[PDB]
Amino acid sequence: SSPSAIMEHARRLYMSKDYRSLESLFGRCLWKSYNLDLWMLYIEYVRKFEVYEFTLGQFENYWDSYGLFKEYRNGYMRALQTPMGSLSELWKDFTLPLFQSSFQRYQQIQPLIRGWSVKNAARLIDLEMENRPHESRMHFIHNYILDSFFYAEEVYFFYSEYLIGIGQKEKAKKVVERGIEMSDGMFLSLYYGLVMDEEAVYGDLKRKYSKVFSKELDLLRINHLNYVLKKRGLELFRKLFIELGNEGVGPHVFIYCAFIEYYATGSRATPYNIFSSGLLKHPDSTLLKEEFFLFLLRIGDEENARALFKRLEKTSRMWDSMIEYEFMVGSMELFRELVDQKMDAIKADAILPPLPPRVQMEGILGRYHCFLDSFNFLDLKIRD
Amino acid sequence: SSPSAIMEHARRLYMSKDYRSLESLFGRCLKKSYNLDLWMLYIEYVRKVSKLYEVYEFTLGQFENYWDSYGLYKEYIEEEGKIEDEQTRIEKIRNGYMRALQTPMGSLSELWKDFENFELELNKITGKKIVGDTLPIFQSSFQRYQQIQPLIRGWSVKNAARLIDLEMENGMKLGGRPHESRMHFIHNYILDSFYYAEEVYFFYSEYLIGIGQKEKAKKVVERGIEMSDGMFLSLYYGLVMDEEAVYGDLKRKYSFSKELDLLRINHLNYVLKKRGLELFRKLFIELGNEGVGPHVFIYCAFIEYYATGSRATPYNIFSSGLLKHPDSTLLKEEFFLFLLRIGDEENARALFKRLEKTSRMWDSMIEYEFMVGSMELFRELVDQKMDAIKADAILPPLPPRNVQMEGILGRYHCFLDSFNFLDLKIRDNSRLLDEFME
């Protein structure tokens, strides 16, 4: 039920002379459509001018409204107030300040329409945000973008954020629900759960994903825990963790909980115990082994760090962090032994395989990446 | 007095026909030399102007179980010759063949053919038995060389280091004393071949330390400091040979802010290991306008946090560094990330809010607020970051921050990485390495 598929159905029904059906279709879809073709077909149908005014209600702010403005004065007046292709061929036909301004503007816009986005859409949004009637202009731009990229979850986040900043969060929630029905990824559901206060999304998405989707399920748990910490506080965060428990929660969920417990409370004991539990569940997880060791060494829990290192298998990075630590605040005697030990381990082919490595974006896409990076945890990322 | 200076000078004397100076050069340099070209020139000069076989014996004593001895043995056995007296000739050529065959070296099969031909000529019967009895020797040396051959063909510091590692494994189960002798030859050959490379003096020092020859090791290092042009061997020397004097000797060569700051960080470490935290701090204070660079503050803040657990003491040091160095992005970013990582939340936030910021400080603070803060504050931080990218108020990023080596070379890299601190790196300013174009 995409823009193009409503369009093609409408055109078939027109061609069929099924006017009962066509009239219900427009009835249901016209107000909501930011597709000019279609409006224009509504015009073709009605023809078989108060109805160019009705269309201009929708497309007056549009950079390709010229033929529409042409066919339709103080009509000439507040087209001249819209940056559009061929505005100079409307001036010539039609106050000079106002036109000049709208022609200067279409210069900055033209290359973004040329090369139409999703990333130039973002660029367009940002340009218009900076510089009641402005709001009206901004609604058109976001909805037209929603039509153009109905499939891309970013567009729905852009408008939602715009709407939130103008105090229209109820309208934002509806845009997100719609985005969730029309695009595909986990992002918009995570943003819906957290920003629009809907805890049900976490359980519902768990049931939907149902091994193959292990990453989704761990990223849901982490994000669900975050929701609960934010909305309810630590004791209910703590209760949700303990309930999650008769399912295989991945290595990441333990590492995430240990880190919340450390940075929220300052306990060293509790994260040690969460990392330790997790290592019992995932005895072969190099991630947990490395992140546990480096966490203990970085917060300064030396004695525990050293005992853990002695018991575990090691990546080169764990070896190199421990060697560098010993050199800085340890002894040369022990430093020399840890070097001997690392060279022995390389030789025995005993070093665990390495973990993968790892103002970027600006404006409203910048904002999106801010949310995305935050929902993502370490190398556990949203994936499709 | 480098090997190459000596080879050049010797060729000069020889081509000039200044035969007096040349013979003097040979007298003072030969026995200390592991450069085969210099010894062959000596052979070539002795052939021209003069028991020649004795000069081959003198040369094969230096290049004992050398892997490119074939030309030496072949020419030597030609000289045995050319001995008046069958029995003594026979004796000598047999000992020559038998010494070669125990040596892993190129062209060993060609000496094997010559050897079998020689024994059979004397007696087809007793000779076949002599050869049969020597076959496993030859075969062992042939096999061993198959593993040496690609290291020599690809000769480099790294393959030199590999040859050291392979011979340290001791596959022939050499008794203590001839294994040591093997290793001394190998390391001295390497020192001569790469006389200018700090690595190889480290390789030899570490070998000698391990066999309880640490005074020998200190003189190896003293030679290397003279032959190389960086600050690796001097730091190694200070710390491993316990020689505090080297810190002031380096302070002269360099008074180069970055090198001065590396040298100060490493001197501070020497004092720490030797005399502990209290004398570490006295040295810090005295450095201590005298004036030192940001890295020295960051280094000392770390050593105090990790060594004593204090949060006040690192805070104060970072703070003092930032007052001496107000425009230091490295310091602002290092100080901020430190406070966030150890969980010093209120100091981290208060610091953040008064500093200029990299995108990484922004990103780390955004992430932290999302994780354990509030959503309205996350949103503001995100607002502020966008505003900051807009005003081009962002501080340009710190430089990005290698591969893993094994055996002896991997040991060199461990000592080097340890001496190095953050983006401060030792270098030899006279060597042109993989990225020389810069």
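When we count neighbours, we look across all protein chains shown, and the Cβ atoms used for this are built from the backbone with ideal geometry, even at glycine. Derivation of every value follows stated rules applied to the coordinates shown; laboratory data play no part.
For peptide A:338-347, the mean count of partner chain Cβ atoms within 10 Å of a residue's Cβ comes to 4. Cross-link partners of B:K17 among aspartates and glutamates, defined as those whose alpha carbon lies under 17 angstrom from its own and excluding same-chain residues fewer than eight positions apart: B:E8, B:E44. Here each label is just a point 7 Å from Cα along the line to Cβ, and for A:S210 and A:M15 those points are 4.1 nm apart. Toward the positive end of the charge dipole of the protein assembly as shown, with +1 on the Cβ of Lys and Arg and -1 on the Cβ of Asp and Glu, the farthest Cα among A:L225, B:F280, A:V339 is that of A:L225. Mean partner shielding of peptide B:388-396, defined as the number of other chain Cβ atoms within 10 Å of each residue Cβ, is 2. Looking at region B:24-93, the pairs of alpha carbons with a distance over 19 Å make up 34% of the total. Any idea which of A:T95, A:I109, A:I43 is furthest toward the positive side of the dipole for region A:1-138, if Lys and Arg beta-carbons carry +1 and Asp and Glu beta-carbons -1? It is A:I43. Rounded to the nearest 20 debye, the dipole magnitude of region A:11-129 is 300 debye, with +1 charges on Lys and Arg beta carbons, -1 on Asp and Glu beta carbons, and the Cα centre as origin. Annotation: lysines with alpha-carbon distance below 21 angstrom to A:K342 (same-chain offsets under eight excluded): A:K289, A:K310, A:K314, B:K158. For peptide B:357-367, compute the average count of partner chain beta-carbon atoms within 10 Å of each residue's beta-carbon. Partner Cβ neighbours, averaged per residue: 2. The A:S24 and A:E71 beta-carbon pair, evaluated with R₀ = 30 Å, returns a calculated FRET efficiency of approximately 0.70. Please go through the residue pairs A:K230/B:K390; A:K48/A:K70; B:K31/B:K253; B:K218/B:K253; B:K32/B:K214 and name each one whose alpha carbons sit more than 23 Å apart in this structure. The pairs that break the limit, which is 23 Å between Cα atoms, are A:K230/B:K390; B:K31/B:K253.
Placing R0 at 30 angstrom, the Cβ-Cβ distance between B:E78 and B:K31 gives a FRET efficiency of 0.75 after rounding to 0.05.
Computed with the Debye formula from one identical point scatterer per Cα of region B:306-376, without solvent, the log10 of I(q)/I(0) at q = 0.20, 0.21 Å⁻¹ comes to -0.83, -0.91.
Sorted into 10 angstrom bins from 0, the C-alpha pair distances of region B:108-179 split as 17, 35, 28, 17, 4 percent. Pairs of Cα atoms in chain B fall into 10 Å distance bins, from 0 up to the last occupied one, in shares of 4, 16, 20, 19, 14, 11, 8, 6, 3, 1, 0 percent. Dipole orientation for chain B: of the candidates B:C300, B:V246, B:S320, B:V246 has the Cα lying most toward the positive pole (charges on Cβ; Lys, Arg +1; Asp, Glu -1). Placing +1 on the Cβ of every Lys and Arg and -1 on the Cβ of every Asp and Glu, with no other charges, gives the protein assembly as shown a dipole of roughly 720 debye about its Cα centre.
The helix-based estimate of mean residue ellipticity at 222 nm for the protein assembly as shown, built from -39,500 (n - 2.57) per DSSP H run of four or more residues and divided by its residue count, is -23000 deg cm²/dmol to the nearest 500. Fraction of C-alpha pairs exceeding 16 angstrom in region B:317-356: 25 percent, rounded to a whole number. Restricting the trypsin sites (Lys or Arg not before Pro) of region B:152-238 to loop positions (DSSP other than H, G, I, E, B) with no more than 13 neighbouring Cβ atoms within 10 Å leaves B:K173. At a Förster radius of 35 Å, what calculated FRET efficiency corresponds to the Cβ-Cβ distance of A:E337 and A:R358, to the nearest 0.05? Between A:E337 and A:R358 the formula returns 0.60. Values of log10 I(q)/I(0) for the protein assembly as shown across q = 0.06, 0.07, 0.11 Å⁻¹ run -0.64, -0.78, -1.25, by the Debye formula with one identical scatterer at each alpha carbon and no solvent. Using only alpha carbons, region B:155-264 has a radius of gyration to Kirkwood radius ratio (Rg to Rh) of 1.04. Per-residue Cβ neighbour counts within 10 Å put A:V201, A:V253 in the sequence A:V201, A:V253, beginning with the fewest.
With the cut-off at under 19 Å, measuring from each backbone N in region B:281-316 to a point 7 Å along the Cα-to-Cβ line of B:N429 picks out B:293.
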